[PDB]
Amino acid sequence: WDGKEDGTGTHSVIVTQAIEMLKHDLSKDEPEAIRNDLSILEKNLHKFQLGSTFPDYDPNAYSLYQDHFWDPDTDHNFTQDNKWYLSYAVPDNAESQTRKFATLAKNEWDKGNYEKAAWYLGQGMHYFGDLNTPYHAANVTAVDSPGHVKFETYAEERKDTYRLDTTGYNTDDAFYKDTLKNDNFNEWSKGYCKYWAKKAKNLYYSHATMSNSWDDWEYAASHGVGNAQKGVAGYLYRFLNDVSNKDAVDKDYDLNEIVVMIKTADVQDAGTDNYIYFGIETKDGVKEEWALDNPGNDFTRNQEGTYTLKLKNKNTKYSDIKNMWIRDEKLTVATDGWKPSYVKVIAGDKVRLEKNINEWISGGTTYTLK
């Protein structure tokens, strides 16, 4: 959907209206902690709105915004499904970005930086809103259709007439309780995004094509914007339970992947063209190393990049890991330097590591994280 950098437009209306819906839907039996925590989110509504539009204006965005797309039936974005775009392939998609940002936001909340929590959470709800956008869930780019941008502008012009006051439910009903029943957050999130994205893909094929009428577009756009609002209301419910519930027993799951986020500092010579690797060693001594390389540039000055690393072993839990590292390999004998600001690591439902670095790393060295 459309948005503007100042935190307005369709994406902002969606998340803002979603807050109003949750307030209305909160049942008389809900604990005070959920209400209180929602109020903290309301106090930082501005940062939440800004988050909700930011990814369209992130200076580290990929050239084609391919992470804003997600086809629920293939589990891929268009650069992995469409033959013309295979050399832009990137594992990151709108489903995966939703939970990256939800997980990031929980960690900020645990630390008490509610402003940043709300900014991160708004970014997560941006991607979630995109997977509710028919063109995005059908993997149809702005390039493949002039109708794509046209459809989002149409939606934008009418966004205020799409505002819902409620889901149709209170938080005692299955709509909201379903979001709580699976302790595996990543699995629930993927499953919940699958439900909404498939609805949006159906809406593309049935109603939002370039050979559909104007009445068909109003339908696709009002259901689409409405679905996003509903979906966000539920997502927020689960989020607010995850950060407020002290008595919830915490679970552990085998990792399919590790998400590694790195920012390179904004000083002279901070960047590098060296090969950069992330690595782990389990307790049994098994070793896995990945190259950090999305297509296009990596580790240029001031650049934030996210690297999703698929595990070769399937019976690995985070607590099996003994060592982590970043390794810097240089092509040539000539001395060079890289200054990373930070590394964050996500595995499962949690940010496992946040390490401020701000120290130079020579090529041919290894930096130890754990």
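Just count from 1 along the sequence shown to find any residue number.
When the two stretches 11 to 19 and 357 to 365 are set side by side, the higher mean Cα temperature factor goes to 357 to 365. Higher average CA B factor: 279 to 287, of the stretches 160 to 168 and 279 to 287. Set against one another, the Cα B-factors of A118, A137, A142, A233 in the record reach their highest point at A142. When the C-alpha B-factors of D73, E95, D247, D269 are ranked from the entry, the top spot goes to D247. The entry lists a Cα temperature factor for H223 that places it in the middle third of the chain's modelled residues. Annotation for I321: CA B-factor lies in the highest third of the chain's modelled residues.
Per the PDB record, residue ranking by Cα B-factor puts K190 in the lowest third of the chain. The entry lists a Cα temperature factor for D178 that places it in the middle third of the chain's modelled residues. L45: CA B factor lies in the middle third for its chain, per the PDB record.
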